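Dropping upload15.cif in here (mmCIF, C-alpha atoms and all ligand atoms):
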data_work
loop_
_atom_site.label_atom_id
_atom_site.label_comp_id
_atom_site.auth_asym_id
_atom_site.auth_seq_id
_atom_site.Cartn_x
_atom_site.Cartn_y
_atom_site.Cartn_z
CA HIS A 1 1.35 -3.53 32.01
CA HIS A 2 3.37 -2.36 35.05
CA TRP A 3 2.25 -4.25 38.17
CA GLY A 4 -0.27 -2.84 40.64
CA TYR A 5 -3.23 -3.84 42.83
CA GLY A 6 -6.02 -3.27 40.34
CA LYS A 7 -8.23 -5.70 38.44
CA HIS A 8 -5.88 -5.89 35.47
CA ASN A 9 -2.41 -5.79 37.05
CA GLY A 10 -3.08 -7.06 40.55
CA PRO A 11 -1.57 -9.99 42.53
CA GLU A 12 -3.30 -12.65 40.38
CA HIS A 13 -1.39 -11.35 37.32
CA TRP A 14 2.11 -10.99 38.84
CA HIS A 15 3.13 -14.55 37.97
CA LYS A 16 3.19 -13.66 34.27
CA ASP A 17 6.18 -11.31 34.68
CA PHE A 18 7.58 -12.72 37.94
CA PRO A 19 7.44 -16.56 37.80
CA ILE A 20 8.66 -16.65 41.40
CA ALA A 21 5.12 -15.65 42.44
CA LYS A 22 4.24 -19.36 42.42
CA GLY A 23 7.41 -20.21 44.32
CA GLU A 24 8.14 -22.36 47.36
CA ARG A 25 8.62 -19.62 49.98
CA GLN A 26 6.20 -16.81 49.08
CA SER A 27 4.67 -14.29 51.47
CA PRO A 28 2.42 -13.34 53.06
CA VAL A 29 0.93 -16.42 54.72
CA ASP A 30 -1.82 -17.09 57.22
CA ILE A 31 -0.54 -17.74 60.74
CA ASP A 32 -2.46 -20.67 62.27
CA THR A 33 -1.77 -20.14 65.98
CA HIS A 34 -2.63 -23.75 66.84
CA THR A 35 -0.09 -25.13 64.35
CA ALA A 36 2.78 -22.72 64.97
CA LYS A 37 5.55 -24.48 66.90
CA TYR A 38 6.80 -22.89 70.12
CA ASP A 39 10.57 -22.93 69.76
CA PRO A 40 12.31 -22.34 73.12
CA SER A 41 15.67 -22.06 71.33
CA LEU A 42 14.64 -18.75 69.73
CA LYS A 43 16.42 -15.76 71.32
CA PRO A 44 14.70 -12.48 72.23
CA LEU A 45 14.71 -9.84 69.51
CA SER A 46 17.18 -7.01 69.88
CA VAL A 47 15.84 -3.76 68.40
CA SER A 48 18.38 -0.94 68.65
CA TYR A 49 16.79 2.14 67.08
CA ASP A 50 18.25 4.81 69.39
CA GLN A 51 20.56 6.14 66.65
CA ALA A 52 18.03 5.94 63.80
CA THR A 53 18.43 8.67 61.19
CA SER A 54 15.37 9.05 58.98
CA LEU A 55 15.92 11.09 55.82
CA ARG A 56 12.96 11.13 53.49
CA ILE A 57 9.42 9.98 52.89
CA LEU A 58 8.21 9.24 49.39
CA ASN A 59 5.21 8.02 47.48
CA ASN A 60 6.51 5.41 45.00
CA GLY A 61 3.11 4.33 43.70
CA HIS A 62 2.11 1.12 45.55
CA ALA A 63 2.87 2.72 48.98
CA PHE A 64 4.85 5.35 50.95
CA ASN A 65 8.31 4.59 52.33
CA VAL A 66 10.16 6.41 55.10
CA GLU A 67 13.86 5.95 54.27
CA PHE A 68 16.76 5.85 56.71
CA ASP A 69 20.48 6.42 56.44
CA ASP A 70 21.88 2.85 56.30
CA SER A 71 25.51 3.78 55.54
CA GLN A 72 26.44 2.81 59.12
CA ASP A 73 25.15 0.55 61.87
CA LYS A 74 22.78 3.23 63.21
CA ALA A 75 19.50 1.36 63.55
CA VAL A 76 19.84 -2.40 63.72
CA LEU A 77 17.94 -5.61 64.39
CA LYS A 78 19.67 -8.67 65.87
CA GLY A 79 18.58 -11.66 67.93
CA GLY A 80 15.41 -13.64 67.44
CA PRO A 81 15.98 -16.15 64.59
CA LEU A 82 18.64 -13.93 63.04
CA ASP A 83 22.31 -14.58 62.58
CA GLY A 84 24.27 -11.37 62.09
CA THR A 85 23.24 -7.72 62.14
CA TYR A 86 20.52 -6.25 59.92
CA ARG A 87 20.34 -2.50 59.21
CA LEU A 88 16.99 -0.77 58.87
CA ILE A 89 16.67 0.77 55.42
CA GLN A 90 12.98 1.75 55.23
CA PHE A 91 9.48 1.17 56.58
CA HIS A 92 6.09 1.23 54.84
CA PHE A 93 2.51 0.08 55.32
CA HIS A 94 -0.12 -1.91 53.47
CA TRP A 95 -3.73 -0.96 54.18
CA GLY A 96 -7.27 -1.45 53.02
CA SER A 97 -10.30 0.49 51.86
CA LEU A 98 -12.22 -0.67 54.97
CA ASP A 99 -11.08 -1.39 58.56
CA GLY A 100 -11.68 -5.12 58.11
CA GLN A 101 -8.91 -5.62 55.60
CA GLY A 102 -5.48 -4.26 54.89
CA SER A 103 -2.94 -6.55 56.51
CA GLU A 104 -0.91 -8.96 54.38
CA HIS A 105 -0.38 -11.61 57.04
CA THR A 106 -3.51 -12.88 58.77
CA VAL A 107 -3.79 -14.60 62.14
CA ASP A 108 -6.21 -17.54 62.13
CA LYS A 109 -7.67 -15.95 58.96
CA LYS A 110 -8.30 -12.62 60.74
CA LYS A 111 -7.28 -9.62 58.61
CA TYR A 112 -6.23 -6.40 60.37
CA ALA A 113 -6.69 -2.78 59.18
CA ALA A 114 -3.10 -2.41 57.98
CA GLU A 115 0.37 -3.82 58.41
CA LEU A 116 3.69 -2.09 59.02
CA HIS A 117 6.87 -3.51 57.50
CA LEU A 118 10.26 -2.44 58.90
CA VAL A 119 12.77 -3.60 56.30
CA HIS A 120 16.35 -4.49 57.28
CA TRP A 121 19.21 -5.98 55.24
CA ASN A 122 21.99 -8.31 56.36
CA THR A 123 25.24 -6.30 56.68
CA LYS A 124 27.41 -9.29 55.73
CA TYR A 125 26.38 -8.61 52.13
CA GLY A 126 27.73 -5.06 51.82
CA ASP A 127 24.64 -3.49 50.21
CA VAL A 128 20.90 -4.13 49.79
CA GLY A 129 21.31 -5.12 46.16
CA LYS A 130 23.55 -8.06 47.09
CA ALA A 131 21.39 -8.97 50.10
CA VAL A 132 18.29 -9.53 47.93
CA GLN A 133 20.13 -12.31 46.06
CA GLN A 134 20.62 -14.34 49.28
CA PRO A 135 18.24 -16.65 51.24
CA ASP A 136 18.93 -14.71 54.45
CA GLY A 137 19.47 -11.24 52.96
CA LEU A 138 16.49 -9.45 54.46
CA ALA A 139 14.59 -9.39 57.74
CA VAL A 140 11.22 -7.68 57.81
CA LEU A 141 9.55 -6.85 61.10
CA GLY A 142 5.81 -7.00 60.64
CA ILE A 143 3.41 -5.17 62.93
CA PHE A 144 -0.38 -5.28 62.64
CA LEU A 145 -2.48 -2.13 63.09
CA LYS A 146 -5.96 -2.31 64.59
CA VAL A 147 -8.40 0.62 64.59
CA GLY A 148 -8.98 1.98 68.09
CA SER A 149 -7.06 4.62 70.04
CA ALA A 150 -4.68 6.98 68.24
CA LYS A 151 -0.97 6.18 68.09
CA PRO A 152 0.95 9.39 69.01
CA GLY A 153 4.19 8.24 67.37
CA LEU A 154 2.35 7.79 64.08
CA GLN A 155 0.98 11.34 63.87
CA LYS A 156 4.16 12.90 62.39
CA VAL A 157 3.82 10.44 59.50
CA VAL A 158 0.13 11.20 59.08
CA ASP A 159 0.60 15.01 58.93
CA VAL A 160 3.16 14.87 56.13
CA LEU A 161 1.03 12.72 53.76
CA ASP A 162 -0.48 15.78 52.05
CA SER A 163 3.00 16.66 50.78
CA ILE A 164 3.42 13.33 48.97
CA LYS A 165 -0.11 12.72 47.71
CA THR A 166 0.97 11.44 44.29
CA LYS A 167 3.48 9.00 42.84
CA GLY A 168 7.01 10.30 42.66
CA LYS A 169 6.56 12.95 45.35
CA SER A 170 9.00 13.03 48.26
CA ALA A 171 9.50 15.17 51.36
CA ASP A 172 12.40 15.65 53.77
CA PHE A 173 11.59 13.58 56.85
CA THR A 174 14.34 13.91 59.41
CA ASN A 175 14.43 13.14 63.10
CA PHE A 176 11.63 10.55 63.13
CA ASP A 177 11.96 7.96 65.91
CA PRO A 178 10.74 4.53 64.73
CA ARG A 179 10.59 3.32 68.35
CA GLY A 180 7.28 5.15 68.58
CA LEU A 181 5.70 2.50 66.35
CA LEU A 182 6.56 -0.60 68.39
CA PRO A 183 3.99 -2.38 70.60
CA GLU A 184 5.07 -3.08 74.19
CA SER A 185 5.64 -6.82 73.75
CA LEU A 186 8.21 -8.20 71.30
CA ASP A 187 6.78 -11.75 71.14
CA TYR A 188 6.68 -13.02 67.57
CA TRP A 189 6.16 -15.69 64.92
CA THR A 190 8.88 -16.30 62.33
CA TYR A 191 9.10 -18.17 58.99
CA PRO A 192 11.23 -18.02 55.79
CA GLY A 193 9.47 -16.03 53.09
CA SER A 194 9.70 -13.44 50.34
CA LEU A 195 9.08 -9.79 49.43
CA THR A 196 5.30 -9.35 49.10
CA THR A 197 5.66 -7.15 46.00
CA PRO A 198 7.52 -7.82 42.70
CA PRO A 199 10.37 -8.95 42.27
CA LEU A 200 8.88 -11.20 45.02
CA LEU A 201 12.42 -12.46 45.80
CA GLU A 202 12.65 -15.25 48.39
CA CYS A 203 15.25 -13.61 50.58
CA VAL A 204 13.26 -12.72 53.69
CA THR A 205 13.19 -13.93 57.26
CA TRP A 206 9.81 -12.80 58.47
CA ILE A 207 9.34 -11.72 62.08
CA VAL A 208 5.68 -10.95 62.79
CA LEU A 209 4.76 -9.43 66.16
CA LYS A 210 1.93 -11.02 68.09
CA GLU A 211 0.74 -7.74 69.61
CA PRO A 212 -0.80 -5.19 67.23
CA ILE A 213 -0.57 -1.42 67.73
CA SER A 214 -3.80 0.55 67.62
CA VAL A 215 -4.33 3.61 65.44
CA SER A 216 -7.36 5.88 65.18
CA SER A 217 -9.95 5.85 62.42
CA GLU A 218 -8.82 9.37 61.48
CA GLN A 219 -5.18 8.24 61.24
CA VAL A 220 -6.02 5.34 58.92
CA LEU A 221 -8.37 7.63 56.93
CA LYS A 222 -5.40 9.80 55.92
CA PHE A 223 -3.51 6.79 54.45
CA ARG A 224 -6.55 6.25 52.21
CA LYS A 225 -6.34 9.73 50.74
CA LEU A 226 -3.02 9.07 48.99
CA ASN A 227 -2.86 8.41 45.25
CA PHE A 228 -1.40 5.55 43.17
CA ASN A 229 -1.27 7.91 40.18
CA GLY A 230 1.23 10.69 39.54
CA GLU A 231 0.34 14.39 39.39
CA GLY A 232 -1.87 15.33 36.47
CA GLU A 233 -3.05 11.75 35.88
CA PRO A 234 -6.59 10.55 36.74
CA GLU A 235 -7.05 9.99 40.48
CA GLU A 236 -6.82 6.43 41.74
CA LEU A 237 -6.97 6.22 45.55
CA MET A 238 -4.15 4.23 47.17
CA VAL A 239 -6.13 1.58 49.07
CA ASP A 240 -5.90 -2.21 49.29
CA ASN A 241 -2.20 -2.33 48.37
CA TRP A 242 -1.92 -5.81 49.91
CA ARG A 243 -1.20 -9.27 48.53
CA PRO A 244 -3.47 -12.11 49.70
CA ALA A 245 -2.05 -14.99 51.76
CA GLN A 246 0.03 -17.55 49.83
CA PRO A 247 0.23 -21.33 50.45
CA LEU A 248 2.58 -22.29 53.29
CA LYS A 249 3.82 -25.43 51.47
CA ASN A 250 6.82 -27.12 53.16
CA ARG A 251 7.29 -24.45 55.83
CA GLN A 252 6.81 -24.24 59.56
CA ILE A 253 5.93 -21.12 61.49
CA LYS A 254 7.82 -20.96 64.77
CA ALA A 255 6.67 -18.93 67.77
CA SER A 256 8.89 -17.33 70.42
CA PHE A 257 6.14 -17.68 73.03
CA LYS A 258 4.05 -20.49 74.47
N1 LIG B 1 6.25 -5.40 51.57
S1 LIG B 1 7.76 -6.07 51.91
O1 LIG B 1 7.88 -7.49 51.58
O2 LIG B 1 8.27 -5.82 53.25
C1 LIG B 1 9.02 -5.31 50.86
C2 LIG B 1 10.17 -4.72 51.36
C3 LIG B 1 11.10 -4.13 50.50
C4 LIG B 1 10.93 -4.11 49.13
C5 LIG B 1 11.97 -3.43 48.24
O3 LIG B 1 12.92 -2.95 48.85
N2 LIG B 1 11.97 -3.30 46.82
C6 LIG B 1 13.30 -3.07 46.25
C7 LIG B 1 13.80 -3.82 45.16
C8 LIG B 1 13.34 -3.51 43.84
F1 LIG B 1 12.45 -2.53 43.62
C9 LIG B 1 13.86 -4.29 42.73
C10 LIG B 1 14.82 -5.35 42.97
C11 LIG B 1 15.27 -5.64 44.31
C12 LIG B 1 14.76 -4.88 45.40
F2 LIG B 1 15.19 -5.17 46.64
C13 LIG B 1 9.78 -4.70 48.60
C14 LIG B 1 8.82 -5.31 49.44
HG HG B 2 17.34 -14.32 47.71
ZN ZN B 3 5.44 -4.39 52.83
#
Take the structure in the file and write it out as structure tokens.
Ligand SMILES: NS(=O)(=O)c1ccc(C(=O)NCc2c(F)cccc2F)cc1
Ligand SMILES: [Hg+2]
Ligand SMILES: [Zn+2]
Amino acid sequence: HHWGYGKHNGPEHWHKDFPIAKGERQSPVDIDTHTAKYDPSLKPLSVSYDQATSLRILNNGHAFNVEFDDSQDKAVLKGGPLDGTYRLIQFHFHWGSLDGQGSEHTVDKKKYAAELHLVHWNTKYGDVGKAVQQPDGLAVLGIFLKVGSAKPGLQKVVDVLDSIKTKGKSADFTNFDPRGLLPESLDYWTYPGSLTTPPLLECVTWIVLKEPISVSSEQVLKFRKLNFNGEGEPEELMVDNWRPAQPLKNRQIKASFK
């Protein structure tokens, strides 16, 4: 039926409706640190989120997205392996039912508690719909979350989750500063990939940060209390909404650090 992360509609079944699942540049992938090539020609990332305008947070089944006003170059990502300017459109997480799993990308086979994806689209394409039909249409900034000390900048997100417990629910979410979610170092790995959820389009330049941010057990606990189901339907906890690592194939992971 409609795709999900359960036994009968999970990742292993997506190929039946989305053939691209067995494609050449699928994500996520495992990052083998000893095989990633240090590329000194990579520029530093330029994250300009000072004028970010968040608007809403919503539970779309699958996960919760915090949306931003992308009608103007307010919050952008440039530099790194990117050519052109990419506007932030939304951010979401993938997490697990236990602290030992949750991330989509893995580092030397190590899974983290969750992973944050900051989605940006290439402005040269006019709108996100066009951008998804291009090889360099999207840039997703991936940040790993480890369980440890609480992340202050994440608390506003955590407190509003009760308002969007079920699928289809949304809440006004203005004045949120995404800069509060970045680690201190911007060192990263990069490779050409795809969306990790259907349509699974291969239009993404992945930029995965080396340094994870730490969040408290209590903070991660609250993510786990969300529901995949809509109001009135039988409760299905939103946990393990992650796709397992895909084969790297003919791709090379570059690193911006030595
Ligand atoms: N986890 S991840 O790889 O960062 C990621 C990021 C964005 C999207 C998305 O915007 N879906 C929109 C969308 C549709 F729902 C249908 C067709 C095209 C789309 F762009 C999906 C997965
Ligand atoms: Hg594409
Ligand atoms: Zn994601």
Given 9 Å and all atoms listed in the file, residues near ligand LIG 1 (chain B) as JSON, numbers by chain: {"A": [27, 28, 89, 90, 91, 92, 93, 94, 104, 116, 117, 118, 119, 120, 128, 129, 130, 131, 132, 133, 138, 139, 140, 141, 142, 193, 194, 195, 196, 197, 198, 199, 200, 201, 204, 206, 242, 243]}
All residues 9 Å or closer to residue 209 in chain A, all atoms listed in the file, same chain fewer than 4 positions away omitted, as a ChimeraX atom specification: /A:141-144,183,185-190
Pick the closest to residue 255 in chain A from A:40, A:6, A:232, A:96: which is it, counting only C-alpha atoms? A:40
Need the shell around residue 38 in chain A: protein/DNA/RNA residues with any atom at most 7 Å away, counting all atoms listed in the file. Skip same-chain ones fewer than 3 positions apart. Format as a PDB file with C-alpha atoms, keeping the file's coordinate frame?
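For reference, selection-v8.pdb as written:
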ATOM      1  CA  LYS A 254       7.820 -20.960  64.770  1.00  0.00           C
ATOM      2  CA  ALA A 255       6.670 -18.930  67.770  1.00  0.00           C
ATOM      3  CA  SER A 256       8.890 -17.330  70.420  1.00  0.00           C
ATOM      4  CA  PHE A 257       6.140 -17.680  73.030  1.00  0.00           C
ATOM      5  CA  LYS A 258       4.050 -20.490  74.470  1.00  0.00           C
TER       6      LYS A 258
END
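We find CA of residue 123 in chain A and CA of residue 85 in chain A to be spaced 6.0 Å apart.
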Find the residues near residue 241 in chain A: any atom within 12 Å, counting all atoms listed in the file, skip ones fewer than 4 places away on the same chain, and give them as a PyMOL selection string. chain A and resi 3-6+9-11+61-64+92-97+101-104+113-115+196-197+223-224+226-228+236-237
Mind giving me the straight-line distance from CA of residue 153 in chain A to CA of residue 184 in chain A in Å, one decimal? 13.2 Å
Ligand HG 2 (chain B) proximity check over A:157, A:220, A:215, A:203, using all atoms listed in the file: winner is A:203
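You will find CA of residue 145 in chain A at 26.1 Å from CA of residue 122 in chain A.
Distance annotation: of A:181, A:251, A:217, A:105, the residue with the minimal separation from ligand ZN 3 (chain B) is A:105; atom set is only C-alpha atoms and all ligand atoms.
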Restricting to only C-alpha atoms, whichever of A:177, A:108, A:30, A:218 is closest to residue 191 in chain A is A:30
Using all atoms listed in the file, give me every residue within 10 Å of (2.9, 13.9, 50.9) in file coordinates, as a PyMOL selection string. chain A and resi 57-59+64+157-171+226-227
Prev. selection, C-alpha atoms, output as a CSV table (one decimal), in the coordinates of the input:
chain,number,residue,atom,x,y,z
A,57,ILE,CA,9.4,10.0,52.9
A,58,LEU,CA,8.2,9.2,49.4
A,59,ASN,CA,5.2,8.0,47.5
A,64,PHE,CA,4.8,5.4,51.0
A,157,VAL,CA,3.8,10.4,59.5
A,158,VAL,CA,0.1,11.2,59.1
A,159,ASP,CA,0.6,15.0,58.9
A,160,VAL,CA,3.2,14.9,56.1
A,161,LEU,CA,1.0,12.7,53.8
A,162,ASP,CA,-0.5,15.8,52.0
A,163,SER,CA,3.0,16.7,50.8
A,164,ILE,CA,3.4,13.3,49.0
A,165,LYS,CA,-0.1,12.7,47.7
A,166,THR,CA,1.0,11.4,44.3
A,167,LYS,CA,3.5,9.0,42.8
A,168,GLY,CA,7.0,10.3,42.7
A,169,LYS,CA,6.6,13.0,45.4
A,170,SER,CA,9.0,13.0,48.3
A,171,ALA,CA,9.5,15.2,51.4
A,226,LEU,CA,-3.0,9.1,49.0
A,227,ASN,CA,-2.9,8.4,45.2
Go through A:208, A:20, A:39, A:234 and flag the residue nearest ligand ZN 3 (chain B), using only C-alpha atoms and all ligand atoms for the distances. A:208
As AutoDock Vina command-line options: centre and edge lengths in Å, one decimal, of the axis-aligned box holding range 114-128 of chain A with 5 Å per side:
--center_x 12.3 --center_y -5.7 --center_z 54.4 --size_x 40.8 --size_y 17.2 --size_z 19.2
